[PDB]
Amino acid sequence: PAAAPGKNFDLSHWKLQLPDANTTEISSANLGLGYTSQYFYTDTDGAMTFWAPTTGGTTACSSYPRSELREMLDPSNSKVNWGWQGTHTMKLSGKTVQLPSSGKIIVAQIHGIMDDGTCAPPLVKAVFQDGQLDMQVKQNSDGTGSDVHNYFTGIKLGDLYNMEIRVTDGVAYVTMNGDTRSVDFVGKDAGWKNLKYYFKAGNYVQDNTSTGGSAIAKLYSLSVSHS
């Protein structure tokens, strides 16, 4: 077998969340030993790949199944996360190869978290459909209300894309393929100062129907920078 993704990529600052029955989480340490399964594997082109089925497990603060990386500043403490001040950036290149029957998955996020580690809302969701990418940014830190929608066209099922998600001083900057949009989330609602944040990338499958099928998403590069 080809080298597992945590041998190819530096995953020392991520944990992996799975769409198995008991929604399992593989620590950074285990990713580093070379964890691989039907959910997470190195494909023949080298890509780090998710398979998640729509009938998979979903946990307490998720309506849908995922095979997805969750950023761990401190591999042993998921309460260590970053905030609105300074600069925090994820860059990745990827492709979505298979969709569920909904035709929709999420391929990257910035998720909110409370200081005590409890559930908070998502801040940025990279919503992938064949030929429609919506980098949605939440407006209300309490989790009510609608998102600012940011639409990019022409990115097809199977196309390689380049993505950046940066937060600088409470402004979110969302970029597909050199097209950057921004949303001043901390200027829209000072409550965002009271929350912390971490990155996510992989396959969060927006379909939980019994007949939904499964989704495959790939990453060829993934890095996080905290200026």
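Sequential numbering from 1, following the sequence displayed.
- For the pair 88 to 96 and 115 to 123, the record assigns the higher mean C-alpha temperature factor to 115 to 123.
- For the segment pair 99 to 107 and 137 to 145, the entry gives 137 to 145 the higher mean B-factor, averaged over Cα atoms.
- Each of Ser12, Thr209, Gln206, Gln17 has a CA temperature factor in the record; the biggest one is found at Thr209.
- Within the selection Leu69, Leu31, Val186, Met48, the deposited Cα B-factor values reach their highest point at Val186.
- Ranked by Cα temperature factor within the chain, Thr24 sits in the lowest third according to the deposited record.
- Among the modelled residues of its chain, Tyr173 has a C-alpha B-factor that falls in the middle third, as given in the PDB entry.
- Ranked by C-alpha B-factor against the other modelled residues of its chain, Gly202 falls in the lowest third.
- In the deposited entry, the Cα temperature factor of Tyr161 places it in the middle third of its chain's modelled residues.
- For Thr54, the recorded CA temperature factor ranks within the lowest third of the chain's modelled residues.
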